[PDB]
Structures are given as C-alpha cells and as structure tokens.
Protein chains: 2
Amino acid sequence: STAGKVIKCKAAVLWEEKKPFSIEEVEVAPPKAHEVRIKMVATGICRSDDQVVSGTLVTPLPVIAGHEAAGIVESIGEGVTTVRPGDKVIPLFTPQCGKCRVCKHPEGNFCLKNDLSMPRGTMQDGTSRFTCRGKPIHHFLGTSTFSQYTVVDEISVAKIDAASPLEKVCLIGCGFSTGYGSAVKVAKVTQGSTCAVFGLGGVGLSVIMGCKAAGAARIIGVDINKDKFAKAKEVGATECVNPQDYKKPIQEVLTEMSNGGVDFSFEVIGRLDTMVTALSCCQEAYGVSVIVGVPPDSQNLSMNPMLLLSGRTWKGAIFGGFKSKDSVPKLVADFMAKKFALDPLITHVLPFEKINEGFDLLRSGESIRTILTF
Amino acid sequence: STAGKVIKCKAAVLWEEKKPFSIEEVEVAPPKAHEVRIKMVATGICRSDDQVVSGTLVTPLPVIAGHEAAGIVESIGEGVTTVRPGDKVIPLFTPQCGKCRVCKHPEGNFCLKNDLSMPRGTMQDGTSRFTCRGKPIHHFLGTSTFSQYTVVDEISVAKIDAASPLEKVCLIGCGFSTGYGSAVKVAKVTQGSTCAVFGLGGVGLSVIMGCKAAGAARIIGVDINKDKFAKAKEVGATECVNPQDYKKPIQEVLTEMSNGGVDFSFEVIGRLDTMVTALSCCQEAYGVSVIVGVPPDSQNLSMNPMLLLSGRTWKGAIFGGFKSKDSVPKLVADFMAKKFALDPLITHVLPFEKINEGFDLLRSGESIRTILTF
Ligand SMILES: NC(=O)c1ccc[n+]([C@@H]2O[C@H](COP(=O)([O-])OP(=O)([O-])OC[C@H]3O[C@@H](n4cnc5c(N)[nH+]cnc54)[C@H](O)[C@@H]3O)[C@@H](O)[C@H]2O)c1
Ligand SMILES: NC(=O)c1ccc[n+]([C@@H]2O[C@H](COP(=O)([O-])OP(=O)([O-])OC[C@H]3O[C@@H](n4cnc5c(N)[nH+]cnc54)[C@H](O)[C@@H]3O)[C@@H](O)[C@H]2O)c1
Ligand SMILES: [Zn+2]
Ligand SMILES: [Zn+2]
Ligand SMILES: [Zn+2]
Ligand SMILES: [Zn+2]
C-alpha cells in the first residue's frame with residue numbers, strides 16, 4: 001500500500017559537476033499513465049555515469065544518475081500492459097517505443113524517444129518524479145537507477161525472468177549488452193578474423209566476449225593500464241598491447257601485427273584520438289571500425305577522409321545496436337541458459353551507501369564493474 | 001609491324017600543375033614481361049584527371065594522365081596470358097593482382113598493387129615506358145590513357161567483348177562503374193529507400209542510375225549548378241535541390257524533406273564540407289553515407305563523432321567497390337545486353353587533339369563526360 005502515494009527513500013543526488021554524490025532522502029512521486037515505479041535491487045557503475053560527474057557527458061543537473069540496473073516493480077500507472085507489480089525488470093536507457101521510424105527499421109535501435117541526443121533529464125512528459133530538499137531533481141536517460149525507487153516510462157522498462165539473479169543481470173542494462181552487441185550485431189565479427197579492442201573496461205571486456213563468441217582467431221586488447229591485461233586474456237584476448245611501451249603510434253604497431261591491418265576494431269574508451277587510431281588500424285580496403293566510447297561533449301575530431309575512400313567502414317552504436325525491450329529479456333534468458341558469463345565483469349560489490357567508494361574504485365583503475373546493492 | 005619496337009606517337013603531357021595539356025610526340029617503349037601495349041580508341045575526361053592539373057590529387061609530374069578509356073591490344077610482353085593482340089580492352093586504374101589479401105577478400109577491391117595510395121607514377125617494376133624531348137614522363141594510376149599508345153601491367157587490363165562500342169564502354173573504366181557500384185555494391189541501396197546524391201556530374205548521375213536500379217523510392221540530387229538538374233531527373237532523380245536557394249544548411253533541409261534523414265547519402269564532389277553534410281543528412285540511427293569524391297591532398301575534415309555513435313555508417317570506396325578485372329568484362333556484357341545506359345553520361349565527343357577544350361567544358365559546368373576519340 002505505497003501504491004498511489006509519494007515514497008520517501010534514499011538516492012545518490014549529484015548537485016554539482018566534479019563533486020561526490022550526496023546520499024540523502026528524496027521524494028518519489030507515484031507513476032502517472034504509462035509509467036512504472038521500481039524498487040531497485042542492484043545497479044552497476046558504468047564509466048558513462050562518471051562522465052556525467054566529469055561534465056564530458058552533459059545532462060541537466062542536479063540529477064539522479066545511474067542507468068545499468070535491475071529491480072522489482074512496486075506499482076504501475078494507468079494503461080501499463082507490459083509489466084505488473086512484483087515483476088523483475090531492467091530499466092532501458094535506450095527506450096523502445098515500437099512506433100517511430102527507428103523502432104520499425106530492421107537495424108535501428110536508437111529510438112527517437114531517447115533522452116541521450118538532446119538531454120532534458122525528464123520523463124517522456126517533460127516533468128520530474130523526484131524532489132530533494134523541496135527542489136526538483138532531473139532524471140538521467142529516463143532511468144535514474146542511483147535511487148532506492150525510480151519511475152520510468154513503460155517504453156523504458158523490460159520484464160525479465162522471475163528467477164533472474166538481479167545482482168548479476170543488471171549488467172545486461174548497459175555494459176555487457178553494449179560490448180557484446182557491438183561485436184556480434186554492429187561489427188558482425190566473422191569466424192577467423194583479427195579484432196583490436198581499445199579499452200579493457202567492463203564494456204571492452206564484453207566486446208572481447210562477443211568477438212570470441214563470433215569465432216575471431218586473434219583479439220588484440222589495447223590499454224594504457226597493463227593491470228587490465230590478465231582479465232582481458234581470461235575472456236578471450238589472444239594478446240594485449242600498451243601504447244606507452246612503443247616508440248611508434250599504436251595504429252602502425254597494430255597494422256604490422258595484423259600483416260596490413262585488422263578486420264574489426266572497436267573504440268571502447270571515449271577519446272577522440274583513439275577513435276581515429278582505431279579507424280586507422282583496420283585494413284584500408286575492407287576493415288570495419290566501431291565507436292562504442294562516448295566522446296567528450298561538443299568536441300570535433302580531425303581525420304583524413306582518404307581512410308574511408310580506400311574502403312574502410314566507420315560506424316558507431318548505442319547499447320550494442322540492440323532493440324532494447326525486445327533484446328533484454330532474451331539476453332537474460334540466454335544468461336540463465338549459460339550462453340555467456342557476467343561474473344568476469346564483476347570485480348567489486350558494495351552497498352548502495354558506498355557509491356562514492358565505488359566511483360573511487362573506477363577512477364583509480366582498480367575495478368571493472370562494481371555492483372551496488374540496495 | 002610495331003611489335004618489339006619503340007612507338008613514336010602523340011600524347012597529352014602535363015609538364016606542371018595549372019597548365020594546359022601539351023599535345024606532342026612521345027616515345028612509347030615496347031612491353032616488358034607481363035606488360036601490354038594498347039592502341040587507345042576513346043578516353044573520357046574524369047574530374048579526377050582535372051584534380052591532377054589543380055594539384056589537389058598529387059601524383060608525380062610530368063605525367064601522362066587519363067584513366068577512363070578503351071582501346072585495342074597492339075602487343076604483349078612475355079608471360080601475358082589474359083589478353084592477345086587485337087583484343088578490345090579497358091585499362092584498370094585499380095589493378096586486380098588476384099594474390100594479395102585484398103584481392104582474396106570477398107568484399108575487398110583496393111588491390112595492394114594500386115598506385116593511388118602512395119603514387120609513384122611508374123609501371124609495377126618502378127620504371128616508365130614514356131619519354132618526351134629526352135625526359136622520362138610518369139604514368140598515372142598504371143593507365144595513362146591520354147596517349148595514342150600506352151603500356152600497362154597485365155593486372156591493370158581487362159579483355160572485353162570484341163563487338164563492344166569503345167566510344168561508349170570507356171566509361172566502364174571509371175565514372176559509370178564507380179557511381180553505379182557505389183549505389184548497388186557499397187551502399188547496397190534498398191527498395192523503397194530515400195537517397196541523397198551530392199554532385200550531379202558523370203559519377204553522381206551513375207550513382208542515381210544505381211539507386212534507381214536498386215528500387216529507391218526517392219532520389220534527391222544536390223548540386224550548386226541547377227543546369228545539372230534536368231539530366232539528373234532523366235536518369236532517376238525524383239527531386240533536385242541547390243543549397244544556394246536555402247537560408248538553412250542543406251543537411252537540415254534534407255533531414256526535413258526525408259522526415260528525419262535519408263536512408264543513403266553519397267558525396268560525389270570531393271569537398272571536405274559536403275562529406276560532413278552528406279554524413280549528417282543520413283538518418284542518425286540507421287543511415288549510411290558513402291564518400292565517392294576524391295578529397296583535396298593532405299587536408300583533414302572536422303566532425304562530431306556523435307554523428308556515428310547514434311548508429312550511422314560512414315564508408316568510402318574506389319571504383320564502386322568492384323574487383324576491377326572480374327567486374328569490367330561483366331559490366332560491358334551487361335551494357336551489350338541493355339541492362340544500363342551510358343549515352344546519358346556523354347554530352348560531348350571530341351577528337352583527342354581537343355583535350356584542353358574538353359577540360360574547359362568540364363571546368364565551366366557545361367559537360368558531363370566528354371569522350372576523346374583517337
Ligand atoms: N555506446 C554505448 O552505448 C555505451 C555504453 C556503455 C559505455 N559507453 C562508453 O564506453 C566507454 C567505456 O566504458 P567502460 O568500459 O565502463 O569504461 P572503463 O572501465 O573506464 O574502461 C575504459 C578503459 O580505457 C582505458 N583507457 C583510457 N585511456 C586510454 C588510452 N588513451 N588508450 C588506451 N586505453 C585507454 C582505461 O585504462 C580503461 O581500462 C566509456 O566512454 C563509456 O562512456 C558507451
Ligand atoms: N572514388 C572513385 O573511384 C572516384 C572515381 C571517379 C571519380 N571520383 C571523384 O568523384 C568526384 C566527381 O567526379 P565527376 O562526376 O567526374 O565530377 P564533376 O563532373 O565535376 O561533378 C561534380 C559535381 O559537383 C558539383 N559541385 C561542386 N561543388 C559543389 C558543392 N559545393 N555543392 C554541391 N555540388 C557541388 C558540381 O557542380 C558538379 O556537377 C571527383 O572528386 C572525382 O575525383 C572518384
Ligand atoms: Zn553505460
Ligand atoms: Zn521508437
Ligand atoms: Zn575517374
Ligand atoms: Zn591484389
């Protein structure tokens with residue numbers, strides 16, 4: 001009988017860029033028509049959430065960030081047909097409205113109702129469900145998972161298997177699905193190919209998992225932090241290189257290593273220089289390079305279009321190119337059937353109240369995914 | 001007989017940039033091992049040839065330019081197995097060695113023996129077959145068709161149908177195959193799609209022909225020269241737009257016209273600014289943009305990688321992604337079988353001696369393809 005009532009709960013509020021989260025009481029309004037209020041069970045720390053703190057991924061402040069999570073439906077608004085109270089759910093930071101030209105396109109997944117391209121920090125109706133100290137607080141990507149309760153639009157939630165371990169399957173809400181889809185759906189990595197993966201965090205390890213699933217012969221991990229190399233080999237990297245070890249630019253090293261350039265390269269960091277380097281290192285006539293990393297807000301890169309004229313393909317994607325509401329329940333079902341592993345991504349577990357310690361672990365280079373439990 | 005002897009003949013020599021072609025007597029050495037000497041019958045004037053004069057496409061000078069042509073084999077060197085004296089042939093400015101990693105790849109066509117990436121202006125053996133006034137003259141892309149005779153490496157020539165009309169099929173050497181393949185093979189334009197083609201010269205009109213062949217529902221031609229619109233409509237444009245007619249940038253106009261972005265865009269000009277515009281006008285989640293135009297030497301473009309992260313694909317190609325020696329004889333057979341038209345591309349047919357008047361017709365906006373006849 002919290003149904004129809006304001007919930008007072010703890011959330012991690014970001015009042016200001018480059019400051020710690022403030023764990024404090026917020027007020028969470030009840031769900032309006034076509035909205036769902038979720039009791040959160042577990043949420044992951046994704047670099048994109050850190051980018052919001054850094055100000056390199058811009059979204060209105062103050063905000064409740066968090067987008068990689070799983071919980072249990074507390075109540076549904078009028079007209080909700082796709083989940084019920086007590087259902088296990090994953091919030092979808094990329095919505096699936098099912099009505100727009102993108103949702104109807106066979107390849108498209110970046111639904112026109114997304115809050116990423118031109119962030120408002122609201123529900124679909126342009127208003128907020130969150131109050132803190134009597135002030136309105138922004139949403140993030142229609143999810144806001146750094147809260148004991150959130151409200152999402154129906155197009156931004158998926159029902160998942162009732163027996164799902166939510167402290168693992170929360171990674172299906174971003175990092176795993178993003179990296180794995182980037183390889184198997186966006187790049188379409190082929191059997192016997194040579195891949196280069198720039199960035200060996202939670203998302204680039206998921207890229208390596210997808211390249212290995214697709215049958216790549218060589219998977220070259222690239223990171224300036226050699227501490228990331230052991231786990232990258234465990235999930236399928238055949239060799240790892242640190243650009244800081246070489247006199248030559250790493251695109252030239254990777255071209256030499258691959259006897260004239262790789263089949264598939266992935267930028268999984270979020271830097272302009274590594275996006276150009278990852279394009280350059282794929283073979284000039286038939287190579288494919290996929291941008292996964294989120295670049296710093298409003299900055300342009302510089303490149304020589306002769307890299308494309310020879311035959312390269314350059315593309316990017318959000319959430320691994322997955323249509324989110326169709327894909328997430330299937331990804332959970334596939335996990336439950338042992339088709340891929342999530343434990344190799346989980347390096348740390350903390351209570352929600354230690355969110356700032358979780359961010360210090362990511363920033364220090366010590367963690368892959370920290371999972372916070374409510 | 002000329003076989004085994006030096007030929008003295010007329011060629012158009014470019015002694016330095018931004019000067020008219022010099023029509024004069026050159027000496028053409030006989031073919032060495034795995035080389036073919038061709039009597040030229042017809043050659044087209046491609047914008048790429050004008051870019052060598054402008055210095056925006058760098059190749060060593062002095063040079064015999066020309067790459068879009070057809071002629072008749074005069075003689076063959078030792079070891080030549082794929083052509084014989086008297087054969088009709090098209091020189092291949094993109095070779096097909098059949099041995100490199102690119103030639104063996106199912107998609108690849110930019111053979112590693114090409115002279116486009118790092119132009120030397122020689123035969124494969126690093127030497128020239130041309131002298132003029134006692135000076136060695138460079139080759140251009142392994143072809144050098146602005147001459148009554150040329151010598152090419154065997155991997156840079158294809159045998160075509162003995163009954164083919166050389167004054168038309170010379171365009172299969174460059175402009176027609178490039179534009180048509182860019183649409184049907186590289187973009188893989190789909191039935192009912194909306195296409196935007198930037199540049200309505202010979203190559204852009206050939207892109208329109210491919211988009212129409214692939215069953216596009218809308219083909220928007222873009223040119224700053226409105227005199228190009230009537231012919232673009234004859235070959236399949238459904239509408240034409242001149243960016244100079246609008247207060248708004250044309251990417252915004254084309255996004256509004258296509259109710260959120262086109263399925264397929266093509267840059268067929270060679271400008272950095274229209275390469276970025278063409279990418280931007282394709283739908284942000286599923287759009288594809290192909291660079292066909294040759295960009296200006298050593299210059300970088302500036303772009304926001306968020307254009308790719310949302311889901312766009314950006315790619316470029318040489319020669320329409322056709323494997324040159326396999327494809328050219330099949331394109332000629334397809335032409336003979338009336339599967340496509342070339343006459344719409346041909347606005348002017350001049351004797352070879354009028355090469356400069358041919359270039360001035362292109363530069364002035366008055367021609368599509370001028371065919372020079374020997
Ligand atoms: N496209 C999407 O939908 C999607 C979703 C998830 C994450 N992202 C982005 O993907 C990127 C990675 O996220 P993550 O895996 O959580 O981050 P992470 O755990 O910080 O991993 C990034 C890795 O990059 C390494 N790195 C940093 N700088 C360089 C360098 N110059 N050269 C080589 N390696 C370097 C770094 O050491 C680290 O291991 C971030 O930009 C996220 O914002 C995008
Ligand atoms: N990729 C290949 O294999 C390949 C082969 C053939 C030609 N090309 C290149 O393709 C391009 C076109 O060749 P072409 O068709 O012979 O040239 P063309 O006949 O000069 O056509 C170019 C067209 O672009 C129009 N144009 C020029 N500037 C603009 C502008 N700012 N906005 C809109 N329209 C503009 C112009 O009026 C002209 O109709 C050139 O850069 C060639 O070098 C490349
Ligand atoms: Zn994320
Ligand atoms: Zn949608
Ligand atoms: Zn050309
Ligand atoms: Zn080859």
Side-chain angles (χ1 to χ4, degrees), chain B residues 31 34-46 48-49 66-77 79-98 103 109 111 113-114 140-181 184-185 202-203 206 209-210 213 318-346 349 352 369-374:
Chain B
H34 297 107
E35 297 180 0
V36 177
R37 183 156 70 176
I38 307 165
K39 187 166 186 205
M40 220 65 55
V41 169
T43 184
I45 297 177
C46 174
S48 294
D49 297 305
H67 59 289
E68 182 178 83
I72 294 168
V73 178
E74 169 274 346
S75 66
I76 60 164
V80 168
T81 61
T82 60
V83 302
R84 296 200 191 73
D87 288 345
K88 285 182 175 181
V89 291
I90 286 177
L92 309 172
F93 75 79
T94 306
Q96 184 173 0
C97 80
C103 282
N109 80 320
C111 171
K113 294 290 198 181
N114 77 82
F140 178 57
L141 302 182
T143 58
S144 285
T145 69
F146 292 165
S147 182
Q148 293 179 324
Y149 292 80
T150 194
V151 179
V152 303
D153 291 288
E154 183 173 22
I155 62 165
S156 290
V157 69
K159 182 181 176 178
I160 65 163
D161 169 357
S164 68
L166 294 189
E167 76 281 0
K168 304 182 187 302
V169 298
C170 52
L171 293 184
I172 290 164
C174 186
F176 169 77
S177 309
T178 294
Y180 195 82
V184 305
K185 182 158 188 80
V203 183
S206 301
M209 290 178 175
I318 302 304
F319 197 56
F322 284 120
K323 296 176 175 293
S324 58
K325 195 169 178 146
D326 291 344
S327 304
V328 161
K330 295 195 201 158
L331 290 164
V332 168
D334 286 0
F335 174 68
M336 295 305 292
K338 318 288 187 207
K339 299 205 168 167
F340 57 84
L342 296 170
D343 284 354
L345 303 180
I346 305 169
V349 183
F352 172 61
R369 286 297 208 258
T370 298
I371 308 308
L372 304 173
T373 60
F374 288 89

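Below, read A as the first sequence line, B as the second, and so on, with proteins coming before strands; counting in each chain starts at 1. Below, all heavy atoms of this structure are taken into account, side chains as well, without hydrogens, waters or symmetry copies.
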B:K113 vs B:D153, test: side chain to side chain contact (heavy atoms under 4.5 Å, CB included). Steps then yes/no. CA-CA 10 Å; B:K113 294 290 198 181; B:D153 291 288; over 6 Å; no
Any side-chain to backbone donor/acceptor pair from [X] onto [Y]? Under 3.5 Å, distance only.
X      : Y      : value
B:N109 : B:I318 : yes
B:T370 : B:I45  : no
B:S324 : B:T94  : yes
B:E167 : B:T373 : no
B:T143 : B:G66  : yes
B:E68  : B:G175 : yes

Whether B:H67 and B:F140 hold their rings parallel, tilted or perpendicular, with breakpoints at 30° and 60°: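 Taking B:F140 first and then B:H67, their aromatic rings stand perpendicular (interplane angle over 60°).
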Shortest non-hydrogen separation from [X] to [Y] and the atoms involved:
X      : Y      : answer
B:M336 : B:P165 : SD-CD, 3.7 Å
B:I172 : B:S177 : O-OG, 2.7 Å
B:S327 : B:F322 : OG-CD2, 3.5 Å
B:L345 : B:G202 : CD2-O, 3.7 Å
B:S147 : B:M40  : O-CB, 3.3 Å
B:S75  : B:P85  : CA-CG, 4.3 Å

Just verifying a value: how many Å separate [X] [atom1] and [Y] [atom2], rounded to the nearest 0.5 Å?
X      : Y      : atom1 : atom2 : result
B:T43  : B:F352 : OG1   : CZ    : 8.0 Å
B:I76  : B:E35  : CD1   : CD    : 12.0 Å
B:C111 : B:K325 : SG    : NZ    : 11.0 Å
B:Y180 : B:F340 : OH    : CZ    : 7.5 Å
B:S156 : B:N114 : OG    : CG    : 9.5 Å

Would you say the side chain of [Y] lies within less than 4.5 Å of the side chain of [X], judging by non-hydrogen atoms?
X      : Y      : answer
B:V332 : B:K168 : no
B:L171 : B:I346 : yes
B:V328 : B:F319 : yes
B:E154 : B:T81  : yes

Residues B:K88, B:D161: salt bridge by 4.0 Å N-O rule: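 Salt bridge flag = no for B:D161 with B:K88.
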If you draw a 6.0 Å radius around NZ in B:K323, do more than 12 non-hydrogen atoms from other residues or ligands fall strictly inside?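 Yes - once you tally the heavy atoms of other residues, nucleotides and ligands closer than 6.0 Å, there are more than 12.
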